[PDB]
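Report on the following structure.
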Amino acid sequence: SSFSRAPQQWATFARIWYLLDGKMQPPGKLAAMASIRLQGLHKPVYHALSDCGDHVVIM
Amino acid sequence: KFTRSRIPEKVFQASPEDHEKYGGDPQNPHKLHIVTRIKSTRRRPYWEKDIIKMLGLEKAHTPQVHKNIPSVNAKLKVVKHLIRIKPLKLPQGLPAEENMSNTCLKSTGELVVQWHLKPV
Amino acid sequence: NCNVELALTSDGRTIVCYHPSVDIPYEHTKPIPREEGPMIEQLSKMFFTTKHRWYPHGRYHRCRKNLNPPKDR
Amino acid sequence: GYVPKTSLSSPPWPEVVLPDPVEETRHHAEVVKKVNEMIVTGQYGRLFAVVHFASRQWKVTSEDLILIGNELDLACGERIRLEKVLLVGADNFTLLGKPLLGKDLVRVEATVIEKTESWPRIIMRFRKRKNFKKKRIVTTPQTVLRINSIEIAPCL
Amino acid sequence: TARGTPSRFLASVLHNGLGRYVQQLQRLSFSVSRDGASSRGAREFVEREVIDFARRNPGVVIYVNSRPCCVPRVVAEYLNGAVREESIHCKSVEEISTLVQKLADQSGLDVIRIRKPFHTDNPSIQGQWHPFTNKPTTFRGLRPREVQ
Amino acid sequence: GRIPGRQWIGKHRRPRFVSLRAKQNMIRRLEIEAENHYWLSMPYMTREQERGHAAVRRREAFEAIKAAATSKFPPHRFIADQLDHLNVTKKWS
Amino acid sequence: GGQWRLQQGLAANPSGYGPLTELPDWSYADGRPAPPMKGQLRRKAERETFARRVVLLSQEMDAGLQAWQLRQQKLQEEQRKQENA
Amino acid sequence: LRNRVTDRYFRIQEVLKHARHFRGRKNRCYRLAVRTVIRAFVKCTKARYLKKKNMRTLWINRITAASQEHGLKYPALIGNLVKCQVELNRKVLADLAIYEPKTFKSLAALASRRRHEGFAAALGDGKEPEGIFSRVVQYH
């Protein structure tokens with residue numbers, strides 16, 4: 001709280017990078033975690049117009 | 001053909017196991033029914049539609065008081081798959097004229113004559 | 001992240017939750033360190049968007065866009 | 001009674017024990033006491049409050065505005081004590097009721113700013129090839145309230 | 001519809017309820033006709049009710065003219081300069097009275113679509129969510145797969 | 001695959017299968033209706049005890065309906081309405 | 001979640017009968033109670049009509065039972081008085 | 001022609017002012033404008049219901065997100081805030097999730113603790129004491 005307007009908005013809407021291990025996993029559960037992260041559905045701020053998706057690095 | 005259905009008397013004979021299951025006793029039956037419509041009278045025949053319009057059960061999910069006599073029971077036996085019946089239990093007596101404005105109906109069936117909203 | 005303190009009150013009608021903020025420890029911190037097609041391709045790769053966002057629109061769409069939109073807060 | 005360490009022996013969910021209510025109600029008593037001290041000593045900034053006004057719950061703070069879709073039967077400028085507060089919190093603590101907070105504990109007070117109607121809204125019915133076309137224009141009355149104050153009392 | 005109509009966020013005029021409520025209607029300009037039939041209810045309102053309305057709220061100044069420029073109509077002017085021109089053509093006395101009471105009780109802002117039923121300047125008291133609110137810190141703050 | 005005529009009519013009709021919530025929904029309707037069988041299984045009066053106990057109320061209810069039906073007559077008409085229509089050219093003197 | 005609410009005796013719908021819907025929404029700053037909301041007036045009328053019907057039906061069936069007992073008792077009396085002379 | 005419509009301009013412009021923002025001859029020609037404007041008004045009338053539905057699914061998605069980031073799931077938090085007699089709706093819960101996250105943390109902790117009290121009570125059947133936050137405040 002108590003941020004200025006532009007940095008508070010930048011902090012709320014910034015996108016994060018998530019590493020995802022992919023050894024011995026099924027592709028479907030990895031796809032579930034990845035697509036939930038990519039749509040932005042893991043964020044309370046989510047809306048389909050706002051384009052609040054994140055970066056997922058499945059290695 | 002599809003015709004009006006007679007339900008045999010033997011299904012409306014209460015067993016002692018059912019007396020143990022539901023909260024009823026064979027001697028001293030309950031005084032009044034609470035009937036509620038839980039199911040639509042569309043895609044039902046015209047006689048069931050008539051009996052639902054003529055037991056006062058137009059609105060779904062509303063409580064309705066009826067007598068526990070075999071004539072009202074006959075109509076309710078005709079429409080016993082569109083309704084839910086419970087006994088009107090009275091923890092106090094039937095309301096006196098001063099208390100009767102400040103009444104209420106709990107969902108368990110009981111008609112309490114003292115309706116507050118403050119905690120115990 | 002999970003550390004709050006819940007408590008039902010004495011008569012048991014309200015739920016009092018207590019939740020101070022967790023401050024980041026000093027030991028958990030780092031010190032501060034001290035053409036036209038190719039243009040669309042470079043911007044797409046730099047911002048991780050498709051190419052389709054970068055091509056302009058016609059005049060009809062440029063005119064319906066509201067120029068003084070209602071601003072809240 | 002004994003099952004050795006096996007994949008379907010133990011539950012996947014982690015075992016948790018709930019504390020027995022004796023020291024838990026001691027903990028509850030000290031927490032309620034200490035929150036009561038924070039209330040009486042002014043350890044709060046501004047307060048927010050979830051308030052069940054007309055038919056819906058509002059996240060109400062001080063100094064702000066609400067639109068309500070009905071006549072409220074009040075001339076403009078009179079103040080209001082919104083009963084049915086059902087959550088009140090600050091920067092460090094919240095108080096939520098079952099399902100409401102007591103009228104001795106939260107005072108939320110609002111002013112009637114304006115008494116308008118809504119924009120003209122369209123109700124148009126149209127069934128095709130049946131010549132069915134009906135049009136109605138509605139304007140629903142509305143009142144806008146200015147929440148003035150959300151203060152709290154140290155009664156816990 | 002709403003995609004053809006403009007829109008605004010809900011606001012007051014000049015923070016109308018913080019310190020004091022101020023009557024946001026400034027003027028009313030009745031223009032009745034003497035020998036008229038569409039202004040029958042208007043003349044009833046002027047003979048019966050405009051004295052009581054002008055006493056009931058003295059923040060407004062009320063001008064009544066005879067032989068109007070156009071028809072019997074009211075021209076309500078608000079403090080923010082907005083002008084709402086309603087017509088009282090062929091209206092009875094009680095409809096004119098409730099329309100004038102409507103005009104006294106609203107602010108000058110347009111009656112276009114209001115986007116939100118609520119408007120808070122400081123909506124967050126515990127601090128608005130950013131993606132690092134509920135993530136835990138790390139030993140010297142190392143991101144995954146860093147050697148040192 | 002192609003189903004020849006139409007999905008849910010005809011000789012060869014589209015296959016439908018019963019899920020678990022469909023079964024459980026039918027089960028809870030069955031339980032409600034069996035409880036209704038219970039509460040209809042214990043009448044309070046017999047037929048000879050009930051005979052005539054509500055005759056007076058039913059008769060007076062029909063008499064109310066009858067006196068509402070047989071009082072259907074044109075409304076009154078007044079002088080003051082017609083002269084209040086004269087008032088439509090009231091002027092200021 | 002309103003199937004659990006029945007097991008507690010509460011209404012299935014929290015917007016049904018309860019403290020949320022049957023207390024006044026608002027009151028003046030002085031402390032004067034509001035003129036009551038018209039939902040509560042309609043709901044009190046429905047509750048009144050329900051209680052009136054309960055009273056009327058109970059009285060009717062009680063009078064019907066009592067009348068049947070007098071019918072049987074008078075029948076046996078008239079038969080015993082036809083058992084003489 | 002004894003009497004004929006002198007007024008038809010205002011009929012046409014009464015319909016046409018609602019079609020100005022269309023595209024193509026729907027915004028000029030009156031046959032096309034009447035067809036598309038009646039279509040748009042019916043769309044508005046049904047879109048009120050779809051607006052309430054879509055707003056509720058948006059609140060459900062936001063509550064699901066901010067309850068996943070505390071380890072809970074959506075049905076656990078909703079079904080266990082009911083059992084504390086905390087009658088918050090979806091709009092308020094989603095907006096508390098967005099703006100006011102310590103309160104949503106407290107609500108998620110309350111839902112989890114009521115869940116665990118429910119587990120301990122339901123597994124341990126019989127004459128046992130009931131939990132603290134599983135206490136029911138009765139209304140008569």
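We name chains A, B, ... following the order of the structure tokens; residues begin at 1 in each chain, and ligands are numbered from 1 as shown.
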List every residue of chain C that DSSP, applied to the backbone of this structure, assigns to strand (DSSP E), and report them as number ranges by chain.
-> C: 5-8, 14-18
Using the selection just defined, write its residues with C-alpha atoms as a compact mmCIF listing (two decimals), in the first residue's frame.
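File produced: out.txt:
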```txt
# COMPACT_ATOMS: atom_id res chain seq x y z
CA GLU C 5 -4.42 -15.38 14.79
CA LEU C 6 -8.14 -16.19 14.99
CA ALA C 7 -10.29 -15.93 18.09
CA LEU C 8 -13.96 -16.39 18.77
CA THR C 14 -18.17 -12.39 16.51
CA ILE C 15 -14.94 -13.73 15.04
CA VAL C 16 -11.90 -11.56 15.73
CA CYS C 17 -9.04 -12.12 13.29
CA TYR C 18 -5.64 -10.52 13.87
```
Any idea what's packed within 6 Å of range 63-70 of chain G, counting only C-alpha atoms, ignoring anything in its chain fewer than 3 positions away? Could you give it as a count of residues only?
-> 5
DSSP helix (DSSP H, G or I) residues within chain G, as number ranges by chain | G: 4-7, 19-22, 38-81
Would you kindly return, as a PyMOL selection string, each protein, DNA or RNA residue with an atom no farther than 10 Å from any atom of range 60-68 of chain D, considering only C-alpha atoms and excluding same-chain residues fewer than 6 positions away?
-> (chain D and resi 46-54+85+87-89+108-116+141-151) or (chain E and resi 10-12+15+17-18+114+116-125)
How many Å lie between CA of residue 44 in chain F and CA of residue 70 in chain B, rounded to one decimal?
-> 8.1 Å
Just need the residues of chain B within 8 Å of chain G, counting only C-alpha atoms, so spit them out as a compact mmCIF listing (two decimals) with N, CA, C and O atoms, in the first residue's frame.
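Contents of the output file result01.txt:
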```
# COMPACT_ATOMS: atom_id res chain seq x y z
N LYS B 31 -52.08 -32.86 13.25
CA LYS B 31 -53.34 -32.17 13.09
C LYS B 31 -53.46 -31.63 11.67
O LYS B 31 -54.49 -31.79 11.01
N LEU B 32 -52.39 -31.01 11.16
CA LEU B 32 -52.38 -30.30 9.88
C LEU B 32 -51.17 -30.70 9.04
O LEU B 32 -50.12 -31.05 9.57
N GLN B 64 -47.89 -24.47 2.40
CA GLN B 64 -49.33 -24.36 2.33
C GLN B 64 -49.96 -25.28 3.35
O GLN B 64 -49.60 -26.45 3.43
N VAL B 65 -50.89 -24.75 4.12
CA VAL B 65 -51.55 -25.50 5.18
C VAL B 65 -52.76 -26.22 4.62
O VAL B 65 -53.58 -25.63 3.92
N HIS B 66 -52.88 -27.51 4.94
CA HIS B 66 -54.10 -28.23 4.62
C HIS B 66 -54.50 -29.13 5.78
O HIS B 66 -53.71 -29.38 6.68
N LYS B 67 -55.76 -29.57 5.76
CA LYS B 67 -56.24 -30.48 6.79
C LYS B 67 -55.67 -31.87 6.59
O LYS B 67 -55.29 -32.26 5.48
N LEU B 94 -51.76 -23.34 19.41
CA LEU B 94 -52.13 -22.49 18.30
C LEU B 94 -52.25 -21.04 18.78
O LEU B 94 -52.74 -20.79 19.89
N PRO B 95 -51.75 -20.08 17.99
CA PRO B 95 -51.56 -18.71 18.50
C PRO B 95 -52.82 -17.99 18.96
O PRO B 95 -53.86 -18.02 18.29
N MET B 100 -50.49 -13.66 17.52
CA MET B 100 -50.62 -14.29 16.22
C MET B 100 -50.02 -13.45 15.10
O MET B 100 -49.60 -14.01 14.08
N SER B 101 -49.93 -12.14 15.27
CA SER B 101 -49.14 -11.32 14.35
C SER B 101 -47.66 -11.65 14.42
O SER B 101 -46.99 -11.72 13.38
N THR B 103 -45.79 -14.30 14.77
CA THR B 103 -45.59 -15.73 14.61
C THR B 103 -44.45 -15.98 13.63
O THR B 103 -43.78 -15.04 13.18
N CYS B 104 -44.21 -17.26 13.32
CA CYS B 104 -43.19 -17.68 12.36
C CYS B 104 -43.34 -19.16 12.06
O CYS B 104 -43.95 -19.89 12.83
N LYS B 106 -40.70 -22.25 11.16
CA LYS B 106 -39.37 -22.79 10.93
C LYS B 106 -39.41 -23.81 9.80
O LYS B 106 -40.48 -24.30 9.42
N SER B 107 -38.24 -24.10 9.24
CA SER B 107 -38.18 -25.06 8.15
C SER B 107 -38.36 -26.49 8.63
O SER B 107 -38.67 -27.37 7.82
N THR B 108 -38.19 -26.75 9.92
CA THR B 108 -38.44 -28.08 10.45
C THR B 108 -39.92 -28.40 10.57
O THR B 108 -40.27 -29.54 10.87
N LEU B 117 -35.34 -12.03 16.93
CA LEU B 117 -34.18 -12.10 16.06
C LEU B 117 -32.88 -11.89 16.83
O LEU B 117 -31.81 -11.80 16.22
```
Given a cut-off of 12 Å, which residues of chain D touch chain H, counting only C-alpha atoms, written out as a PDB file with C-alpha atoms, in the first residue's frame?
```pdb
ATOM      1  CA  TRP D  13      -3.153 -35.170   3.102  1.00  0.00           C
ATOM      2  CA  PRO D  14      -0.827 -34.043   5.911  1.00  0.00           C
ATOM      3  CA  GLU D  15      -1.846 -34.998   9.429  1.00  0.00           C
ATOM      4  CA  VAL D  16      -2.997 -32.062  11.555  1.00  0.00           C
ATOM      5  CA  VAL D  17      -4.084 -32.049  15.194  1.00  0.00           C
ATOM      6  CA  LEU D  18      -6.466 -29.423  16.476  1.00  0.00           C
ATOM      7  CA  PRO D  19      -5.555 -28.096  19.939  1.00  0.00           C
ATOM      8  CA  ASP D  20      -7.897 -29.004  22.757  1.00  0.00           C
ATOM      9  CA  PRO D  21     -10.231 -26.117  23.650  1.00  0.00           C
ATOM     10  CA  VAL D  22      -8.629 -25.253  27.025  1.00  0.00           C
ATOM     11  CA  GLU D  24      -7.205 -22.584  22.723  1.00  0.00           C
ATOM     12  CA  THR D  25      -9.802 -20.551  24.619  1.00  0.00           C
ATOM     13  CA  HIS D  28      -8.691 -16.701  22.137  1.00  0.00           C
ATOM     14  CA  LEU D  47     -11.786   1.140   8.454  1.00  0.00           C
ATOM     15  CA  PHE D  48     -13.552  -0.835   5.776  1.00  0.00           C
ATOM     16  CA  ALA D  49     -16.832  -2.617   6.346  1.00  0.00           C
ATOM     17  CA  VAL D  50     -18.917  -5.092   4.415  1.00  0.00           C
ATOM     18  CA  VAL D  51     -22.446  -3.795   4.966  1.00  0.00           C
ATOM     19  CA  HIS D  52     -25.679  -5.501   3.890  1.00  0.00           C
ATOM     20  CA  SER D  55     -30.501  -6.307  -0.958  1.00  0.00           C
ATOM     21  CA  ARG D  56     -26.766  -6.671  -1.498  1.00  0.00           C
ATOM     22  CA  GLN D  57     -23.505  -6.378   0.348  1.00  0.00           C
ATOM     23  CA  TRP D  58     -21.218  -3.399  -0.174  1.00  0.00           C
ATOM     24  CA  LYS D  59     -17.535  -3.033   0.654  1.00  0.00           C
ATOM     25  CA  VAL D  60     -18.017   0.371   2.263  1.00  0.00           C
ATOM     26  CA  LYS D  84     -26.424  -4.966   9.299  1.00  0.00           C
ATOM     27  CA  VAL D  85     -22.714  -4.437   9.226  1.00  0.00           C
ATOM     28  CA  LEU D  86     -21.278  -7.882   8.719  1.00  0.00           C
ATOM     29  CA  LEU D  87     -17.548  -7.317   8.460  1.00  0.00           C
ATOM     30  CA  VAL D  88     -15.365  -4.473   9.772  1.00  0.00           C
ATOM     31  CA  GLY D  89     -11.608  -4.487   9.352  1.00  0.00           C
ATOM     32  CA  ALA D  90      -8.534  -2.303   9.587  1.00  0.00           C
ATOM     33  CA  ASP D  91      -4.881  -2.519   8.556  1.00  0.00           C
ATOM     34  CA  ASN D  92      -4.159  -5.112  11.268  1.00  0.00           C
ATOM     35  CA  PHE D  93      -7.415  -6.764  12.380  1.00  0.00           C
ATOM     36  CA  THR D  94     -10.910  -7.716  11.258  1.00  0.00           C
ATOM     37  CA  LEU D  95     -14.150  -8.383  13.116  1.00  0.00           C
ATOM     38  CA  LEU D  96     -16.759 -10.456  11.302  1.00  0.00           C
ATOM     39  CA  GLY D  97     -20.107 -11.443  12.756  1.00  0.00           C
ATOM     40  CA  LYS D  98     -22.396 -14.464  12.832  1.00  0.00           C
ATOM     41  CA  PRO D  99     -23.749 -13.255  10.491  1.00  0.00           C
ATOM     42  CA  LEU D 100     -23.759  -9.662  11.783  1.00  0.00           C
ATOM     43  CA  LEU D 101     -21.883  -7.416  14.185  1.00  0.00           C
ATOM     44  CA  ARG D 121     -33.393   1.385 -20.522  1.00  0.00           C
ATOM     45  CA  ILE D 122     -34.859  -0.633 -23.358  1.00  0.00           C
ATOM     46  CA  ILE D 123     -37.083  -3.696 -23.018  1.00  0.00           C
ATOM     47  CA  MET D 124     -37.764  -5.037 -26.502  1.00  0.00           C
ATOM     48  CA  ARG D 125     -39.415  -8.368 -27.310  1.00  0.00           C
ATOM     49  CA  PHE D 126     -39.298  -9.910 -30.769  1.00  0.00           C
ATOM     50  CA  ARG D 127     -40.488 -13.286 -32.009  1.00  0.00           C
ATOM     51  CA  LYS D 128     -39.790 -13.793 -35.710  1.00  0.00           C
ATOM     52  CA  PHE D 132     -44.157 -10.232 -32.296  1.00  0.00           C
ATOM     53  CA  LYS D 133     -42.509  -6.895 -31.548  1.00  0.00           C
ATOM     54  CA  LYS D 134     -43.018  -4.996 -28.299  1.00  0.00           C
ATOM     55  CA  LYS D 135     -41.047  -2.077 -26.901  1.00  0.00           C
ATOM     56  CA  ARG D 136     -41.011  -0.588 -23.413  1.00  0.00           C
ATOM     57  CA  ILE D 137     -38.908   2.223 -21.979  1.00  0.00           C
ATOM     58  CA  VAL D 138     -38.145   2.064 -18.255  1.00  0.00           C
TER      59      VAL D 138
END
```
